[PDB]
Amino acid sequence: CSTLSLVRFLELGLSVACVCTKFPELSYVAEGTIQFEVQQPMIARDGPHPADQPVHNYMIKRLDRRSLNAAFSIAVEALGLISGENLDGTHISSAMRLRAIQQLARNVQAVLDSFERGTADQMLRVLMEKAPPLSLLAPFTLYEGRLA
Amino acid sequence: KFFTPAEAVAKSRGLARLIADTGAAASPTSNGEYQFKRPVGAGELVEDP
Amino acid sequence: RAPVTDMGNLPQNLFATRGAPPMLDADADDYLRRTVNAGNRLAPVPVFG
Amino acid sequence: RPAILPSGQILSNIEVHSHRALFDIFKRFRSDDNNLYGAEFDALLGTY
Amino acid sequence: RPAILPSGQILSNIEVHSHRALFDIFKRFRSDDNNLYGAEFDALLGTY
Amino acid sequence: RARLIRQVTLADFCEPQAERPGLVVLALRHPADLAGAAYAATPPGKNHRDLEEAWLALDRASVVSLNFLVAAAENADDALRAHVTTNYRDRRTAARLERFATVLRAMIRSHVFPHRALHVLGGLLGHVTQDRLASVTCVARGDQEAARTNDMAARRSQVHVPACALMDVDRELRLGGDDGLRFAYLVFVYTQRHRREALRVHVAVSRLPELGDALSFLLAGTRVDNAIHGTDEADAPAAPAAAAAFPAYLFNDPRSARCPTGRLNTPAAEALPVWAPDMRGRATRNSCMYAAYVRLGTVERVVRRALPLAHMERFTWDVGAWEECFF
Amino acid sequence: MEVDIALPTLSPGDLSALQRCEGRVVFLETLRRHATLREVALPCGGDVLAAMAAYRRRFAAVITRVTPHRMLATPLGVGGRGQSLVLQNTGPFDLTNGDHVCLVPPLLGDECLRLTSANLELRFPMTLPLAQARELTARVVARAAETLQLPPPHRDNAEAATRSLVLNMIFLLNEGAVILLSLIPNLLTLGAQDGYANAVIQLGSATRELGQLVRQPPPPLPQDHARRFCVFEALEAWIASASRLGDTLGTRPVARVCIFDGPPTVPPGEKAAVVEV
Amino acid sequence: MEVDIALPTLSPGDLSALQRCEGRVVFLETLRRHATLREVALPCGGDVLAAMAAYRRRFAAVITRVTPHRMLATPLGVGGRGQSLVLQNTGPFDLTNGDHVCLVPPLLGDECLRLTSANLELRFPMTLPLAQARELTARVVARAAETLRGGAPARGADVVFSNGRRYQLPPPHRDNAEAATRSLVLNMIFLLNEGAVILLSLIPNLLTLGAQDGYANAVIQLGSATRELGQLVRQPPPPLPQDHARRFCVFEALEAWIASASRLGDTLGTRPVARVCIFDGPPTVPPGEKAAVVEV
């Protein structure tokens with residue numbers, strides 16, 4: 001019989017990519033937003049060019065919602081053995097009950113572990129969707145402030 | 001995608017937007033034995049400069 | 001990695017499309033379709049829709 | 001999303017459905033509508 | 001029919017459906033099928 | 001508790017983010033077999049490939065919300081057209097509504113009636129959507145509010161029907177009755193005049209377990225003008241021959257020409273009278289079809305309140321089989 | 001849901017007789033939770049055809065308990081198909097296990113728990129198996145058609161029955177139906193080489209009286225005898241009609257009998273479990 | 001209310017075949033918690049009409065899990081709250097989600113288990129969606145009828161579609177289709193002709209009205225109120241003294257026809273027995289594969 005190697009998300013090295021907070025009320029939340037404000041610097045350039053005043057701006061960002069779901073079944077005659085409605089006051093049925101409990105336990109440990117690899121995959125899925133190719137970024141940050 | 005400007009009709013908020021659009025586009029082609037128009041349901045990521 | 005697609009040749013066949021007014025003589029159109037489909041790949045399969 | 005605590009009680013005892021003219025919006029449910037319970041809210045999560 | 005007490009654990013996991021050729025019988029059920037929980041035996045009561 | 005159905009599909013006809021839960025959804029047949037059965041079903045004289053074309057002009061997509069279908073019929077209040085048009089997110093939507101109208105008008109013309117093309121599911125409650133691909137979920141039995149929606153503002157729901165189409169019957173027929181528990185019927189109204197025809201939809205509630213005569217009187221004008229203009233384009237022959245009169249005077253005639261059993265061949269069978277029942281162009285049953293209905297469930301109350309709507313009250317989903325209304 | 005029927009004050013001479021009606025069915029008109037006894041009540045026997053036409057317009061209800069104040073009921077079918085209840089038989093033929101039952105108005109009258117104190121009378125409908133209820137409806141409607149243990153018709157509603165019947169029959173005549181009508185002699189000749197073929201044809205068949213008296217010519221080819229085929233359409237239409245001809249004159253079978261332990265056949269006047277449909 | 005069936009032990013190999021039919025339906029006799037396999041058995045070459053008539057005097061029940069000792073069934077008629085249950089589709093063509101199934105005998109070429117060790121046969125009825133079944137019955141009957149008059153034996157249009165794929169409607173001679181269906185086509189065609197004849201005998205001048213202005217007017221007047229064009233049914237001639245060998249009382253014939261038509265209409269199914277409410281699966285179940293169903 002084979003074992004199942006568990007993986008803990010925060011044990012991996014990928015966890016430094018995203019800050020994660022538990023939030024047991026997320027299902028209640030409608031469109032949620034986060035804000036931003038930044039102040040650019042300025043240099044007092046001498047000459048006929050109109051000396052520009054310090055600029056201010058106000059930027060926000062909108063949340064996006066996803067989900068994760070995994071499903072596992074259970075056998076119909078196994079239900080009569082877990083519950084006891086089909087249990088007999090005998091010496092065999094205890095063995096079948098032990099076997100069915102073991103099966104349900106292995107199965108639920110399998111599925112309850114799947115949500116770790118799930119997040120470890122979701123992180124790569126989102127991190128791959130924003131990152132522009134380096135070929136089109138290395139020279140772009142070299143022509144800053146001139147695209148007018 | 002060379003004679004259709006309806007995509008070019010979509011204005012560019014800035015060169016950075018068109019940059020980000022590359023490297024994350026959706027695949028228009030299928031994954032079958034031939035190159036067929038793809039059912040828009042599934043989709044996948046593909047880069048094209 | 002190795003190219004997931006082939007890089008060979010496969011000429012398209014426009015007789016798998018719509019929107020074109022067929023020519024008047026029906027015999028001419030049937031002859032064109034029967035000569036273009038002379039073992040050419042992928043164009044027809046006589047099943048509706 | 002009804003009121004949580006009232007400020008002052010009311011004294012007049014009068015049929016209100018016949019007097020819907022004076023009010024702006026007027027909603028009468030029968031008995032324990034299952035709608036006045038669920039509460040959703042909007043939220044702002046950190047400012048940088 | 002299934003095992004009761006495993007003897008040795010397996011060190012290395014692998015995709016099993018690839019290597020069907022190495023095995024002689026092969027059965028892969030989705031999850032918790034119905035056959036595993038049948039305890040139906042048969043035997044001789046007495047001899048003479 | 002109640003039982004649910006989940007059917008992944010395309011977001012063309014029922015658009016579960018545009019409407020809120022609580023409105024009946026319908027299942028649309030695969031169109032291939034409709035187009036096929038037309039080839040043998042369209043009556044004589046009429047076109048026999050026009051449904052083929054009408055379908056090809058609208059190019060799987062399986063569900064259709066009643067809120068959408070009611071708009072693509074004759075009867076509708078333009079407020080709901082405006083709502084469906086400006087409130088649906090989707091591209092090219094008004095054009096699609098037009099094409100669907102042409103489809104249904106072709107369906108009735110080809111004598112393959114839409115009631116043989118739209119089975120009814122329950123009221124939707126939930127959905128998860130990709131880009132132009134949805135998975136709606138509707139009840140199928142039990143009462144609506146046994147479900148649990150993931151809105152978190154209103155966990156339970158109700159059933160919403162466009163009040164423009166809801167036609168009450170009892171207060172209409174003046175039965176003098178007293179509102180208790182009433183049934184709920186979704187009814188279709190056909191009308192057949194070649195190249196000038198349409199379809200009317202309604203949602204009917206009453207205590208009447210058997211519609212029958214009730215609709216036969218309700219839709220009297222439709223049946224009247226449908227029985228006479230329905231046989232059109234069918235070549236009827238000239239004045240019927242007098243031989244068509246089936247002779248009845250000859251049954252209990254003691255003295256009459258008679259034939260030995262088993263000899264309808266060449267031997268002396270000539271002296272028998274000839275009778276040619278010849279029926280070519282008269283009104284068949286499919287010619288006098290005017291309405292079709294199907295039972296939906298049971299209802300307590302209907303209140304009207306807002307676009308006008310009609311909230312149900314303790315709807316218990318119990319779907320029945322279709323029914324013809326021709327006589 | 002449990003319909004509650006209230007009772008006025010009753011003399012002990014008839015309360016004890018009402019107690020014995022614990023498994024019979026009555027016909028309300030509206031399904032409110034409460035209803036007085038006076039409401040659910042039918043006049044004394046008359047025009048079994050009219051009554052049978054009235055059972056269609058109202059949904060039944062069987063009663064279970066009879067208290068000195070209150071008398072319960074159960075709306076038979078509005079949302080349920082497995083509410084196993086018990087109702088007593090009151091029809092002459094004993095209904096056996098397996099088959100459905102249909103409600104039929106009573107014959108000859110004489111079944112009226114005439115309550116004098118309340119000044120009203122009830123007529124509980126009898127319960128017959130399907131196979132015989134169909135035949136009874138057949139006999140009564142045919143007798144009504146004759147007038148252009150047995151009560152006479154009324155000539156005011158018998159015409160309605162005749163109208164329904166003649167409509168359901170008229171719409172059988174199709175340009176495909178004549179094609180079938182053409183092989184009556186080819187059918188009779190087939191009903192001669194074999195035994196079962198002759199067995200299916202009746203004795204006063206009303207068609208053998210025709211196939212041996214009139215010759216008909218080959219049928220005229222209908223318009224477009226290449227694209228479509230008519231016999232199929234006519235036969236499909238006839239199936240659709242005949243599947244719903246029995247109920248349109250009588251009443252749909254309302255419940256089927258299931259018994260788990262008792263003897264299979266239950267005699268008249270004895271209660272027997274049931275499940276509704 | 002779950003019944004079990006004693007199983008007279010057959011053999012290896014065959015018991016696997018019995019295990020493969022873990023989804024079909026079987027028609028019990030009475031609701032007892034015990035039954036012998038010999039009871040639920042029918043000669044798999046049989047008359048379709050009589051089998052379809054017998055399907056009414058029984059109870060449907062689906063075969064849940066089986067074991068060498070016994071097999072468990074669950075009736076469909078009686079039940080509590082209409083619990084879910086699994087069903088193996090066995091018709092000729094698939095069935096979609098959200099419709100009604102009906103039980104008809106193996107009208108076309110038959111399949112039947114031949115348990116050669118126990119020396120008994122089993123018939124497992126087809127599972128068809130409602131409208132498709134009501135039309136397939138008419139299809140087979142109409143083909144037999146067209147054959148009957150010796151006309152053009154083929155028209156290339158005895159085909160039925162279902163979800164795109166074209167079905168062929170196997171040739172009508174495979175097992176006994178020329179013998180196990182004769183009863184049905186005879187008993188249907190005959191009744192149709194008799195109804196037509198009775199109607200025409202009651203209204204002799206029906207087919208001599210206006211080809212487009214008289215017949216339609218008569219039908220619309222009949223559907224509407226009591227005008228009826230007088231006694232639209234002319235008074236039939238007076239009968240014979242009921243010992244003359246040629247007596248014909250039309251009204252008794254109409255009575256017999258009403259009775260026989262009602263009986264035939266009831267012994268045809270077409271009243272749904274279940275409804276597919278599949279959930280968490282492929283929305284279209286192909287033949288041979290199980291499908292979640294809730295009883296009606």
# chains A, B, ... in the order shown; residues from 1 in each chain; ligands from 1

$ interface_residues --of "chain E" --to "chain A" --cutoff "6 Å" --atoms "only C-alpha atoms" --output "MDAnalysis selection string"
chainID E and resid 6 9:10 32

$ interface_residues --of "chain B" --to "chain A" --cutoff "8 Å" --atoms "only C-alpha atoms" --output "VMD selection string"
chain B and resid 19 to 24

$ interface_residues --of "chain F" --to "chain G" --cutoff "8 Å" --atoms "only C-alpha atoms" --output "ChimeraX atom specification"
/F:39-41,44,177-181,207-210,251,257-262,264,272-280,284-285,297-298,316,318,327

$ interface_residues --of "chain B" --to "chain F" --cutoff "10 Å" --atoms "only C-alpha atoms" --output "VMD selection string"
chain B and resid 40 to 43

$ write_last_selection --atoms "N, CA and C atoms" --output "mmCIF file, in the first residue's frame"
data_model
loop_
_atom_site.group_PDB
_atom_site.id
_atom_site.type_symbol
_atom_site.label_atom_id
_atom_site.label_comp_id
_atom_site.auth_asym_id
_atom_site.auth_seq_id
_atom_site.Cartn_x
_atom_site.Cartn_y
_atom_site.Cartn_z
ATOM 1 N N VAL B 40 -14.751 28.965 -28.170
ATOM 2 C CA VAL B 40 -14.329 30.029 -27.271
ATOM 3 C C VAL B 40 -14.515 29.700 -25.797
ATOM 4 N N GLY B 41 -15.116 28.553 -25.478
ATOM 5 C CA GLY B 41 -15.386 28.225 -24.087
ATOM 6 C C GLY B 41 -14.128 28.030 -23.260
ATOM 7 N N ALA B 42 -13.306 27.047 -23.634
ATOM 8 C CA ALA B 42 -12.195 26.626 -22.786
ATOM 9 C C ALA B 42 -11.108 27.691 -22.695
ATOM 10 N N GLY B 43 -10.459 27.994 -23.815
ATOM 11 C CA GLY B 43 -9.435 29.020 -23.840
ATOM 12 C C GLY B 43 -8.140 28.627 -23.156
#

$ residues_around --residues "region 157-172 of chain H" --least-positions-apart "6" --cutoff "12 Å" --atoms "only C-alpha atoms" --output "PyMOL selection string"
(chain C and resi 47-49) or (chain F and resi 28-40+60+62) or (chain G and resi 226-229+232) or (chain H and resi 91-97+107-110+128-129+131-133+135-144+146-147+178-182+284-287)

$ interface_residues --of "chain B" --to "chain C" --cutoff "10 Å" --atoms "only C-alpha atoms" --output "PyMOL selection string"
chain B and resi 31+33-35

$ residues_around --residues "residue 16 (chain A)" --least-positions-apart "5" --cutoff "12 Å" --atoms "only C-alpha atoms" --output "ChimeraX atom specification"
/A:9-11,120,123

$ interface_residues --of "chain H" --to "chain A" --cutoff "12 Å" --atoms "only C-alpha atoms" --output "VMD selection string"
chain H and resid 64 to 65 72 84 to 86 280

$ residues_around --residues "region 15-20 of chain C" --least-positions-apart "2" --cutoff "7 Å" --atoms "only C-alpha atoms" --output "JSON, numbers by chain"
{"C": [13, 22, 43, 44]}

$ interface_residues --of "chain H" --to "chain F" --cutoff "7 Å" --atoms "only C-alpha atoms" --output "list in words"
residues 98, 161, 162, 163, 164, 200, 201, 204, 205, 207, 208, 211, 212, 215, 216, 220, 223, 237, 239, 240, 246, 247, 248, 277, 278, 279 and 283 of chain H

$ closest_atom_pairs --of "chain G" --to "chain H" --cutoff "7 Å" --atoms "only C-alpha atoms" --output "Markdown table"
| residue | atom | partner | partner_atom | distance |
| --- | --- | --- | --- | --- |
| G:82 | CA | H:79 | CA | 5.7 |
| G:98 | CA | H:57 | CA | 5.4 |
| G:99 | CA | H:57 | CA | 6.1 |
| G:134 | CA | H:259 | CA | 6.3 |
| G:135 | CA | H:259 | CA | 5.4 |
| G:138 | CA | H:255 | CA | 5.5 |
| G:139 | CA | H:255 | CA | 6.0 |
| G:142 | CA | H:255 | CA | 5.4 |
| G:146 | CA | H:251 | CA | 6.7 |
| G:148 | CA | H:231 | CA | 6.6 |
| G:163 | CA | H:222 | CA | 6.9 |
| G:169 | CA | H:199 | CA | 6.7 |
| G:173 | CA | H:196 | CA | 6.7 |
| G:181 | CA | H:193 | CA | 5.8 |
| G:183 | CA | H:149 | CA | 6.6 |
| G:186 | CA | H:149 | CA | 6.9 |
| G:200 | CA | H:187 | CA | 6.2 |
| G:204 | CA | H:253 | CA | 6.8 |
| G:206 | CA | H:253 | CA | 6.2 |
| G:207 | CA | H:194 | CA | 5.9 |
| G:231 | CA | H:142 | CA | 6.2 |
| G:232 | CA | H:142 | CA | 5.3 |
| G:235 | CA | H:138 | CA | 5.8 |
| G:236 | CA | H:138 | CA | 5.4 |
| G:242 | CA | H:265 | CA | 4.8 |
| G:243 | CA | H:265 | CA | 4.1 |
| G:244 | CA | H:265 | CA | 7.0 |
| G:245 | CA | H:262 | CA | 6.1 |
| G:246 | CA | H:262 | CA | 4.7 |
| G:260 | CA | H:31 | CA | 5.8 |
| G:275 | CA | H:78 | CA | 6.4 |

$ atom_distance --atom1 "CA of residue 233 (chain F)" --atom2 "CA of residue 101 (chain F)"
23.3 Å

$ select_by_dssp --residues "region 68-173 of chain H" --states "strand (DSSP E)" --output "ChimeraX atom specification"
/H:70-75,84-88,100-104,112-115,120-123,126-129,160-161,166-167

$ interface_residues --of "chain F" --to "chain D" --cutoff "12 Å" --atoms "only C-alpha atoms" --output "PyMOL selection string"
chain F and resi 145-146+148-158+301+303+305-306+313

$ write_last_selection --atoms "N, CA and C atoms" --output "mmCIF file, in the first residue's frame"
data_model
loop_
_atom_site.group_PDB
_atom_site.id
_atom_site.type_symbol
_atom_site.label_atom_id
_atom_site.label_comp_id
_atom_site.auth_asym_id
_atom_site.auth_seq_id
_atom_site.Cartn_x
_atom_site.Cartn_y
_atom_site.Cartn_z
ATOM 1 N N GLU F 145 -38.446 27.626 -2.202
ATOM 2 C CA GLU F 145 -37.637 28.172 -1.124
ATOM 3 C C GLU F 145 -37.063 27.109 -0.196
ATOM 4 N N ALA F 146 -37.092 25.839 -0.594
ATOM 5 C CA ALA F 146 -36.290 24.845 0.101
ATOM 6 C C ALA F 146 -34.830 24.903 -0.325
ATOM 7 N N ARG F 148 -31.106 27.025 -1.526
ATOM 8 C CA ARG F 148 -30.183 27.884 -0.792
ATOM 9 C C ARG F 148 -29.287 28.580 -1.815
ATOM 10 N N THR F 149 -29.576 29.846 -2.092
ATOM 11 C CA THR F 149 -28.824 30.603 -3.084
ATOM 12 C C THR F 149 -27.575 31.205 -2.434
ATOM 13 N N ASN F 150 -26.523 31.403 -3.231
ATOM 14 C CA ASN F 150 -25.267 31.948 -2.727
ATOM 15 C C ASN F 150 -25.207 33.462 -2.890
ATOM 16 N N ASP F 151 -26.355 34.113 -2.796
ATOM 17 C CA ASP F 151 -26.409 35.566 -2.822
ATOM 18 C C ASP F 151 -25.944 36.175 -1.503
ATOM 19 N N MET F 152 -26.359 35.598 -0.373
ATOM 20 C CA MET F 152 -26.131 36.061 0.997
ATOM 21 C C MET F 152 -26.873 37.343 1.336
ATOM 22 N N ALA F 153 -27.574 37.952 0.391
ATOM 23 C CA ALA F 153 -28.533 38.995 0.730
ATOM 24 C C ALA F 153 -29.938 38.450 0.895
ATOM 25 N N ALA F 154 -30.330 37.525 0.021
ATOM 26 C CA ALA F 154 -31.592 36.796 0.129
ATOM 27 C C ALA F 154 -31.271 35.335 -0.174
ATOM 28 N N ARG F 155 -30.993 34.569 0.880
ATOM 29 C CA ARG F 155 -30.683 33.152 0.717
ATOM 30 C C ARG F 155 -31.769 32.447 -0.082
ATOM 31 N N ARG F 156 -33.006 32.507 0.395
ATOM 32 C CA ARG F 156 -34.116 31.915 -0.334
ATOM 33 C C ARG F 156 -34.512 32.847 -1.474
ATOM 34 N N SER F 157 -35.521 32.452 -2.238
ATOM 35 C CA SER F 157 -35.945 33.217 -3.404
ATOM 36 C C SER F 157 -37.461 33.146 -3.500
ATOM 37 N N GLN F 158 -37.983 33.507 -4.666
ATOM 38 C CA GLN F 158 -39.375 33.290 -5.023
ATOM 39 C C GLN F 158 -39.410 32.956 -6.506
ATOM 40 N N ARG F 301 -50.681 32.481 -3.972
ATOM 41 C CA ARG F 301 -51.018 33.883 -4.128
ATOM 42 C C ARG F 301 -50.202 34.492 -5.254
ATOM 43 N N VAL F 303 -49.078 38.513 -6.335
ATOM 44 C CA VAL F 303 -49.080 39.943 -6.065
ATOM 45 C C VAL F 303 -48.235 40.626 -7.129
ATOM 46 N N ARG F 305 -46.068 44.075 -8.416
ATOM 47 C CA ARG F 305 -45.138 44.917 -7.682
ATOM 48 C C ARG F 305 -43.797 44.905 -8.399
ATOM 49 N N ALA F 306 -43.098 46.034 -8.336
ATOM 50 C CA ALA F 306 -41.870 46.220 -9.112
ATOM 51 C C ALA F 306 -40.626 46.173 -8.234
ATOM 52 N N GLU F 313 -46.196 32.780 -4.790
ATOM 53 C CA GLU F 313 -46.322 32.600 -3.353
ATOM 54 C C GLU F 313 -46.358 31.110 -3.050
#

$ atom_distance --atom1 "CA of residue 106 (chain A)" --atom2 "CA of residue 31 (chain E)"
10.8 Å

$ residues_around --residues "residue 90 (chain H)" --least-positions-apart "6" --cutoff "9 Å" --atoms "only C-alpha atoms" --output "list in words"
residues 24, 124, 125, 126, 127, 128, 287, 288 and 289 of chain H

$ write_last_selection --atoms "N, CA, C and O atoms" --output "PDB file, in the first residue's frame"
ATOM      1  N   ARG H  24     -31.015  -2.379 -14.795  1.00  0.00           N
ATOM      2  CA  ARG H  24     -32.266  -2.488 -15.524  1.00  0.00           C
ATOM      3  C   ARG H  24     -33.442  -2.606 -14.564  1.00  0.00           C
ATOM      4  O   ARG H  24     -33.295  -2.547 -13.341  1.00  0.00           O
ATOM      5  N   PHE H 124     -35.735  -7.442 -20.388  1.00  0.00           N
ATOM      6  CA  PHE H 124     -35.560  -6.157 -19.724  1.00  0.00           C
ATOM      7  C   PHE H 124     -36.071  -5.062 -20.640  1.00  0.00           C
ATOM      8  O   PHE H 124     -35.470  -4.814 -21.702  1.00  0.00           O
ATOM      9  N   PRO H 125     -37.167  -4.395 -20.289  1.00  0.00           N
ATOM     10  CA  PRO H 125     -37.832  -3.513 -21.248  1.00  0.00           C
ATOM     11  C   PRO H 125     -36.987  -2.300 -21.579  1.00  0.00           C
ATOM     12  O   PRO H 125     -36.120  -1.890 -20.806  1.00  0.00           O
ATOM     13  N   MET H 126     -37.251  -1.726 -22.745  1.00  0.00           N
ATOM     14  CA  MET H 126     -36.515  -0.556 -23.180  1.00  0.00           C
ATOM     15  C   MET H 126     -36.878   0.648 -22.324  1.00  0.00           C
ATOM     16  O   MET H 126     -37.911   0.680 -21.655  1.00  0.00           O
ATOM     17  N   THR H 127     -36.007   1.650 -22.352  1.00  0.00           N
ATOM     18  CA  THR H 127     -36.186   2.882 -21.593  1.00  0.00           C
ATOM     19  C   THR H 127     -36.154   4.037 -22.582  1.00  0.00           C
ATOM     20  O   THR H 127     -35.089   4.404 -23.082  1.00  0.00           O
ATOM     21  N   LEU H 128     -37.314   4.612 -22.861  1.00  0.00           N
ATOM     22  CA  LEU H 128     -37.395   5.609 -23.908  1.00  0.00           C
ATOM     23  C   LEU H 128     -37.930   6.929 -23.375  1.00  0.00           C
ATOM     24  O   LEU H 128     -38.808   6.943 -22.509  1.00  0.00           O
ATOM     25  N   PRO H 287     -26.498   5.398 -24.620  1.00  0.00           N
ATOM     26  CA  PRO H 287     -27.049   4.078 -24.301  1.00  0.00           C
ATOM     27  C   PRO H 287     -26.034   3.209 -23.573  1.00  0.00           C
ATOM     28  O   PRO H 287     -24.822   3.328 -23.766  1.00  0.00           O
ATOM     29  N   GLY H 288     -26.550   2.331 -22.717  1.00  0.00           N
ATOM     30  CA  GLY H 288     -25.726   1.403 -21.981  1.00  0.00           C
ATOM     31  C   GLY H 288     -25.100   1.946 -20.719  1.00  0.00           C
ATOM     32  O   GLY H 288     -24.530   1.163 -19.949  1.00  0.00           O
ATOM     33  N   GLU H 289     -25.178   3.247 -20.471  1.00  0.00           N
ATOM     34  CA  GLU H 289     -24.538   3.845 -19.311  1.00  0.00           C
ATOM     35  C   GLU H 289     -25.577   4.386 -18.340  1.00  0.00           C
ATOM     36  O   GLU H 289     -26.604   4.935 -18.744  1.00  0.00           O
TER      37      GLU H 289
END

$ interface_residues --of "chain A" --to "chain F" --cutoff "12 Å" --atoms "only C-alpha atoms" --output "PyMOL selection string"
chain A and resi 25-30+65-68

$ write_last_selection --atoms "N, CA, C and O atoms" --output "PDB file, in the first residue's frame"
ATOM      1  N   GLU A  25     -15.452  36.201   6.491  1.00  0.00           N
ATOM      2  CA  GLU A  25     -16.676  36.873   6.072  1.00  0.00           C
ATOM      3  C   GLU A  25     -16.683  37.227   4.591  1.00  0.00           C
ATOM      4  O   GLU A  25     -17.528  38.020   4.165  1.00  0.00           O
ATOM      5  N   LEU A  26     -15.766  36.666   3.798  1.00  0.00           N
ATOM      6  CA  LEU A  26     -15.645  37.079   2.404  1.00  0.00           C
ATOM      7  C   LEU A  26     -16.926  36.837   1.613  1.00  0.00           C
ATOM      8  O   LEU A  26     -17.256  37.621   0.718  1.00  0.00           O
ATOM      9  N   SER A  27     -17.657  35.764   1.922  1.00  0.00           N
ATOM     10  CA  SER A  27     -18.895  35.483   1.207  1.00  0.00           C
ATOM     11  C   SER A  27     -19.897  36.623   1.319  1.00  0.00           C
ATOM     12  O   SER A  27     -20.708  36.816   0.406  1.00  0.00           O
ATOM     13  N   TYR A  28     -19.857  37.385   2.413  1.00  0.00           N
ATOM     14  CA  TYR A  28     -20.750  38.520   2.589  1.00  0.00           C
ATOM     15  C   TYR A  28     -20.365  39.713   1.727  1.00  0.00           C
ATOM     16  O   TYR A  28     -21.236  40.522   1.389  1.00  0.00           O
ATOM     17  N   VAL A  29     -19.096  39.837   1.362  1.00  0.00           N
ATOM     18  CA  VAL A  29     -18.575  41.077   0.799  1.00  0.00           C
ATOM     19  C   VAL A  29     -18.966  41.172  -0.671  1.00  0.00           C
ATOM     20  O   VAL A  29     -18.721  40.249  -1.453  1.00  0.00           O
ATOM     21  N   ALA A  30     -19.573  42.297  -1.044  1.00  0.00           N
ATOM     22  CA  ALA A  30     -19.774  42.654  -2.441  1.00  0.00           C
ATOM     23  C   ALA A  30     -18.466  43.214  -2.980  1.00  0.00           C
ATOM     24  O   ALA A  30     -17.411  42.999  -2.375  1.00  0.00           O
ATOM     25  N   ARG A  65     -12.852  37.964  -7.674  1.00  0.00           N
ATOM     26  CA  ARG A  65     -13.235  36.822  -6.858  1.00  0.00           C
ATOM     27  C   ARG A  65     -13.102  35.541  -7.662  1.00  0.00           C
ATOM     28  O   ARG A  65     -13.557  35.468  -8.809  1.00  0.00           O
ATOM     29  N   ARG A  66     -12.474  34.535  -7.059  1.00  0.00           N
ATOM     30  CA  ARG A  66     -12.420  33.198  -7.636  1.00  0.00           C
ATOM     31  C   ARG A  66     -12.910  32.186  -6.614  1.00  0.00           C
ATOM     32  O   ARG A  66     -13.429  32.561  -5.559  1.00  0.00           O
ATOM     33  N   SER A  67     -12.749  30.901  -6.913  1.00  0.00           N
ATOM     34  CA  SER A  67     -13.145  29.862  -5.977  1.00  0.00           C
ATOM     35  C   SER A  67     -12.308  28.623  -6.244  1.00  0.00           C
ATOM     36  O   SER A  67     -11.501  28.583  -7.177  1.00  0.00           O
ATOM     37  N   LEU A  68     -12.497  27.619  -5.396  1.00  0.00           N
ATOM     38  CA  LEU A  68     -11.891  26.310  -5.564  1.00  0.00           C
ATOM     39  C   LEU A  68     -12.884  25.277  -5.063  1.00  0.00           C
ATOM     40  O   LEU A  68     -13.547  25.496  -4.046  1.00  0.00           O
TER      41      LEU A  68
END

$ residues_around --residues "region 14-17 of chain D" --least-positions-apart "4" --cutoff "10 Å" --atoms "only C-alpha atoms" --output "list in words"
residues 21, 22, 23, 26, 27 and 28 of chain D

$ write_last_selection --atoms "C-alpha atoms" --output "PDB file, in the first residue's frame"
ATOM      1  CA  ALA D  21     -51.126  57.847   0.761  1.00  0.00           C
ATOM      2  CA  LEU D  22     -49.096  59.718   3.391  1.00  0.00           C
ATOM      3  CA  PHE D  23     -46.050  57.435   3.064  1.00  0.00           C
ATOM      4  CA  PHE D  26     -44.758  51.151   2.028  1.00  0.00           C
ATOM      5  CA  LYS D  27     -44.036  47.420   2.216  1.00  0.00           C
ATOM      6  CA  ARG D  28     -46.155  44.941   4.167  1.00  0.00           C
TER       7      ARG D  28
END
